[PDB]
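As a starting point, one isolated chain is supplied in structure tokens, in the form solved without its partner chain.
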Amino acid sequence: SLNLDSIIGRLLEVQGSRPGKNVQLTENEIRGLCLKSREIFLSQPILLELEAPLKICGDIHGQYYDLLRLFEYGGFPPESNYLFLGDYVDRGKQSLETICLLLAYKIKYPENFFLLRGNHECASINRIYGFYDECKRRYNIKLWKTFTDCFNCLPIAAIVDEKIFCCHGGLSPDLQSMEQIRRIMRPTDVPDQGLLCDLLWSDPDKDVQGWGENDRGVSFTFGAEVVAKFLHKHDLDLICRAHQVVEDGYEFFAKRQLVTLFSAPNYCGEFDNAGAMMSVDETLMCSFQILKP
């Protein structure tokens, strides 16, 4: 069952076509992707331990053809190892094509392809910001609940060669030990507060010493000193997150102690931002590849 090669083939078939060309997989093929990837997610740790080399990417948000460009410029799997930091759906016009290809690669190369959970991989959020609408339109309500059951098993964070800490949002006032993350059981919803919430929602802030209230109305903001203390305590060099759109696709914080990655250029078509992608080699040297709109 589950013809992975056929699915992937039909998903890659629309390269170079007029931007907007859909890929209508069958309800069963998509449901198969959710269930199989769900196993692999639960089989792997909730706190991924990864090795170089690999490519890190930020938010995609249903911008499917921009995702294909990333793979085109960065190298289609398994020519390159990948780590995505979440927010694959919502706001884009092709969330379905986006998440399906990602899951398809997750199943095809489970040791060379990894997906983190963003704050939009939550039922409470993607019901409103477009993903549920897309499911209702092109399929049915029950397919959406299937995606929900799959998103609840996504890993939350990742550490690359004991030096680079990766998560969608940022840090948490309740994050004292790395075991506090490993102790979280899946499947799980995203609470409106706590460790799991902050890891997917928090933002860095220049004008903040310590922790401050977050503009989003959820979680907190954190300052440069918090990043410094955090990195020193766990013997880490870099924090690699996403969650926020930045002009050049990448943006440094606290003297290059933290980096924000965003991989969706022309976000919502309302921004003029670029998308970036960070490559990390075996010597832990990080380089950026930019996608101009």
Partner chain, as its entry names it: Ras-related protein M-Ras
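Residue numbers count along the first chain shown, from 1.
Although not depicted, the form deposited with its partner chain bound is the subject of the following passage.
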- [ ] State yes or no: in the deposited bound form, is some non-hydrogen atom of residue 102 no more than 4.5 angstroms from a non-hydrogen atom of its partner chain?
- [x] no
Task: is_contact(residue 223, its partner chain) in the deposited bound form, heavy atom dist at most 4.5 Å - done: no
Task: Proximity of residue 184 to its partner chain in the deposited bound form, heavy atoms at 4.5 Å - done: yes
